[PDB]
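In structure tokens, the next block holds one chain alone, the form deposited in one PDB entry.
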């Protein structure tokens, strides 16, 4: 059966961008092939130079967004180069069995494996490393991403009418627990393992030191702000593999929101803020109506502005005074 299906090799693109794909499946079920290389590396996560030992899928935090269609077969070739120090694996929340595939993909440095699973359920799911015994350590070190299993007929609204996005962005939110000394100074380590004991202790506090989008504070701001234009329909895939988050686009709304990211369910309309539970990936659909800067944040303002969970959207177009206008600009009474 499988021996007969057409295969397609996909070339991944780094977040917040997504690889080429069709919203509406143009062919029948296929075997979509992906290859990802694990990479342990030092990452500066804020302006003050705080450094950590990140464990990543394909060199990024989060790992790249993988897109397939319902009933396609995902075949992932996972490589763990001998330059790494730890054993890793991969568990897909979209798969059924073997701990999401984690029990069949344990690879030590210098090893690789190829797993195949059927994407039987449509929606955006989280995937993360989950080694027996150090699950939370690998996930909170950035070893997680997301996979989108689109319905063969694309997205539909609350009434079943097709929804087509012009742009799609992937925002992976990551909660970090960086160890500190007595004074409050962040620790630095030579290798990941050296950091383990202090890491566990920091994690148990349940209070992150950093909460960031795309691997670093301000990673999606300035020259890296997400772009769009008035009239464009944008889909924002947001994931959090360990902690709850409440996404909010300041100045806009979530026209169609699948807070828990599962497409067979009708979307919630006109959301100002929605809650995505830890270990879940959700999606929001919006059409820009006003130009200018928008802030995409975690609506716990402390977590957004103090801890780093804030990004930007730079939108181009003409201002609509009907929707909003300054009747009297600020001036002395």
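Positions refer to the first chain, counted from 1. Definition used throughout: the rigid core is the maximal C-alpha set that superposes within 1.5 Å between two forms.
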Do the CA atoms of 200-208 or those of 113-121 have the higher mean B-factor in the entry? 200-208
For the C-alpha atoms alone, is the average B factor greater in 221-229 or in 251-259, going by the entry? 221-229
If you compare 63, 291, 278, 29, which has the highest Cα B-factor in the entry? 29
Residue selected from 214, 108, 144, 239 by maximal Cα B factor: 214
When the deposited Cα B-factors of this chain's modelled residues are ordered and cut into thirds, is residue 69 in the lowest, the middle or the highest one? lowest
Chain-wide C-alpha B factor ranking for residue 299, given as lowest, middle or highest third: lowest
C-alpha B factor of residue 308, ranked within the chain: lowest, middle or highest third? lowest
Lowest, middle or highest third: where is residue 267 by C-alpha B factor in its chain? lowest
Binned into thirds over the chain's modelled residues, the C-alpha B-factor of residue 138 lands in the middle
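Omitted here: the form deposited in another entry. The next part is about that form.
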Identify which of 193, 110, 162, 231 has its C-alpha displaced by 2 Å or more between the shown form and the other one once the rigid core is superposed. 193
Answer yes if the CA of residue 182 moves 2 Å or more between the shown form and the other one after aligning the rigid core, and no otherwise. yes
